[PDB]
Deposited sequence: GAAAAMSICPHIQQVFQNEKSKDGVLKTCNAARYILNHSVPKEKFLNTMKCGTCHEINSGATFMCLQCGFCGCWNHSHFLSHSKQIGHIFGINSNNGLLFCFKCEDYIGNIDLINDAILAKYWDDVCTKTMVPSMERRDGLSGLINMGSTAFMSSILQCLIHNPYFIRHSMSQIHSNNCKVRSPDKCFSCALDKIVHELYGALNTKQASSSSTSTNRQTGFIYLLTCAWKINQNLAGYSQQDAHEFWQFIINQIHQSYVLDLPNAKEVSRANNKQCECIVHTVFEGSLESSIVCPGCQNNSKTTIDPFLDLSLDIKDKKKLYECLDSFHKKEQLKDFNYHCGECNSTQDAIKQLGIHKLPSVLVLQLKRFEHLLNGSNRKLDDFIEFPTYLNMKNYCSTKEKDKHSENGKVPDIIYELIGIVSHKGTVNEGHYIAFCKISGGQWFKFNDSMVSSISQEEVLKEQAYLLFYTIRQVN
């Protein structure tokens, strides 16, 4: 089941070290080449001179690059016997004798560890089958759906997973323990869902979290029904506070403040002379959008970004001296890596009650933020990765989470039930919170 050509090369330690060195070199070049150089020098066939004639492969043995579409690397490997090439779009190693990629050798996939590999193999193992995607249910402990729904979006967030598995918190944590430390409790959940702590399995970390949460805020600890947005904001604030607590020497550099933080530009404009000061800059960790009388998410972003003339604001223009009602606009000044949206699914009525807004709002699988940034603006596309939905009324209900992982697959998280679900069915849910991750900036 492994390419025998590469295994044959790997019999000799030096030859093996040579392959890994060239693979490391090719991949370093692919991540550190400006776009023009990358096209001209990694995607241009040495024989037909076309750019992107299908995949272009960089030879392991000489400096030649050859294309897929005209069989030009295949010719190189028959003419000269250089049978291994690296695909310049993704760094993957192809065997031209097998006519297949070599994707199932851990050392090649993890080549940046080549020099440590002896120690890596013996002390660490590959994930176990059922744990490899961290999919696991969190039992309802009373009214914990507002917790678990958010927890599932967090442990499927690629930025939070990388952070946790990189041991950044663990390495620096002063308080040391999942009983007292809220961050350590989060890390124990990841430990349990993707690793081994070594029916009601895999609930230990979630119990630890319930305990930490009780010590800080009993209302958000799972006894009574609460808001999922409020719990979301509670968790990230605890992550940030842990980081401040752990610094030797107390714009923030913690994981929350480098991933979820953007800023809004609020401008107040003279309708007299178009004077554009003073503009105010407010940070945000999420955007809360009004939805009344709307049917699409873009229409809700339009509303948030729409000019308002302020009728209760006392304005005096410093340029023209006008006292007309000023024009107010919110624009996005800085975008975050992960855009979190809360739909304001609730209204207050002048008869002294509140009611949920149950309207379906259409949300797209990829979101362009270009038309919402203040101040040409390029395409800025985020991919939808998580949805928290609420069923019930304003005062009582239940939360479910939907999250997206590699390979296009969505899962539905409803307390202890984790289920497979099609993208099509996810797009029909009543979204309360939406989690979008940056994909493309032109």
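Gaps in the coordinates relative to the deposited sequence fall at 1-6, 205-213, 266-274, 400-409.
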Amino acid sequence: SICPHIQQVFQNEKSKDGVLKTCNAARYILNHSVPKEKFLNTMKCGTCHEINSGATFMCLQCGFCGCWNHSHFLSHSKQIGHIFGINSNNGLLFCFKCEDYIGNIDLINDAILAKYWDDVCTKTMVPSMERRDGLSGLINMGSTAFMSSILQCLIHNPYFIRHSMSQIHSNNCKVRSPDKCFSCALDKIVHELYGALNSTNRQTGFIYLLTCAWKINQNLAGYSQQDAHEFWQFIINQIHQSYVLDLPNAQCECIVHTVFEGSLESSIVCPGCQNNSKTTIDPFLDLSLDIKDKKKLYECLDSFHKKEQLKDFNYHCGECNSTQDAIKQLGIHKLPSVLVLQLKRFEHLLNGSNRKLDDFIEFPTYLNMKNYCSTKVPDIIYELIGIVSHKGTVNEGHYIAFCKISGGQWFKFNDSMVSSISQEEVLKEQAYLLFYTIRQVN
From here on, numbers count along this sequence of modelled residues.
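When the mean C-alpha temperature factors of 94-102 and 144-152 are read from the deposited coordinates, 94-102 comes out higher. Stretches 155-163 and 286-294 differ in mean CA B factor, with 286-294 having the higher one.
Going by the entry's values, 273 shows the largest Cα B-factor out of 273, 264, 341, 254.
In the PDB entry, the Cα temperature factor peaks, among 363, 214, 234, 313, at 313. Residue 335: CA B factor in the lowest third of modelled residues in this chain (values from the PDB entry). In this PDB entry, residue 238 carries a Cα temperature factor that places it within the lowest third of its chain's modelled residues. Ranked by C-alpha B-factor against the other modelled residues of its chain, residue 22 falls in the middle third. Ranked by C-alpha B-factor against the other modelled residues of its chain, residue 302 falls in the lowest third.
Among the modelled residues of the chain, residue 373 sits in the middle third by CA temperature factor in this PDB entry.
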